[PDB]
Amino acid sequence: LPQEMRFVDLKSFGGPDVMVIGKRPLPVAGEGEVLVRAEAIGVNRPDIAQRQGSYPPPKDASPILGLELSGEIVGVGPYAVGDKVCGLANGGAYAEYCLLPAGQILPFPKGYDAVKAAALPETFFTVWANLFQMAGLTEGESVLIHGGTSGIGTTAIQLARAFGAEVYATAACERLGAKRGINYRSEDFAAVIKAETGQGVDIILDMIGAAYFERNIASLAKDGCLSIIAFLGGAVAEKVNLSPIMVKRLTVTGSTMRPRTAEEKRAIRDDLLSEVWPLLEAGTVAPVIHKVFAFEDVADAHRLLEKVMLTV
């Protein structure tokens, strides 16, 4: 193992340019952690937010940009060295080596690239936890996904399709499994949903938030769930009628990934390996990569994101 490793560091808060390839020691690896030498690293929306200083990283985790990687175990703590694995990192993934808690590690699925496997954790944990665990998606139910050409979007669509749901999306999408790709700009998605479904859709996975709040609420069937996952359309909704929530017993909820517990993340790792790994291995479901950048070019990658990946 080297002395120092290259990591992505910031000159301040910016600004793609605020980022620069710095240098410092290698993480240790304590109780139920593993050390991984990175071959590939995911780039995700929360990373921009941090490079901006806009969002804090949680205080019990690495302050280095992070979340997702794949590569080779190169150390264990109190799985085996040379094992190839990908996982959800509590931050610090934007480095040549990065820890992982044993509850958050997964094997490369058979036949995957480094890049493909590192494209999995952030997006699959998120969809799995919100759309399957919390929302209890099952066969025959109907789902509407905003942000369909997103990393999360494309993952939600494929997995919703694969489990026998009827699928609609806002944003390619039909190719992935949507019954119907819905152009937001020109069609009214509430109107479309009313036309296509009986009395609305059972589940909405929402990355948009405020701007679509009133339309999401109107699109849901009796006993439907709105699961809010991000706030690309703002967090604050103006002059909004609560009443359909009561009238139709809607449930409105949401969750974020980073603050989720050690046990909660491990539970999600388990379902993924049990329920989804088989589909990835059969080629039923695959991640979708827009482009791959060299690790040095991290600035370019961010710039593009306004699934994009980094080669070490």
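Numbers for residues come from their place in the sequence shown, where the first is 1.
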Task: Sequence continuity check, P78 and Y79 (deposited residues unmodelled) - done: 4 to 9
Task: Between neighbours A172 and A171, residues that the deposited sequence lists but the model omits - done: 4 to 9
Task: Mean Cα B-factor comparison, 216 to 224 or 100 to 108, giving the higher one as deposited - done: 100 to 108
Open item on the list: Going by the mean C-alpha B-factor recorded in the entry, which is higher: 279 to 287 or 53 to 61?
Closed with: 53 to 61
Task: Given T155, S186, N130, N90, the residue at which the Cα B factor reaches its maximum - done: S186
Task: Selection from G254, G32, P244, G66 [criterion: highest C-alpha temperature factor in the record] - done: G32
- [ ] Name the third of the chain's ranked CA B-factors that contains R175, choosing lowest, middle or highest.
- [x] highest
Task: Chain thirds of CA B-factor: placement of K239 - done: highest
Task: Within-chain third of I208 by Cα B-factor, per the entry - done: lowest
Task: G151 - Cα temperature factor, lowest/middle/highest third of chain - done: lowest
Open item on the list: When the deposited Cα B-factors of this chain's modelled residues are ordered and cut into thirds, is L144 in the lowest, the middle or the highest one?
Closed with: lowest
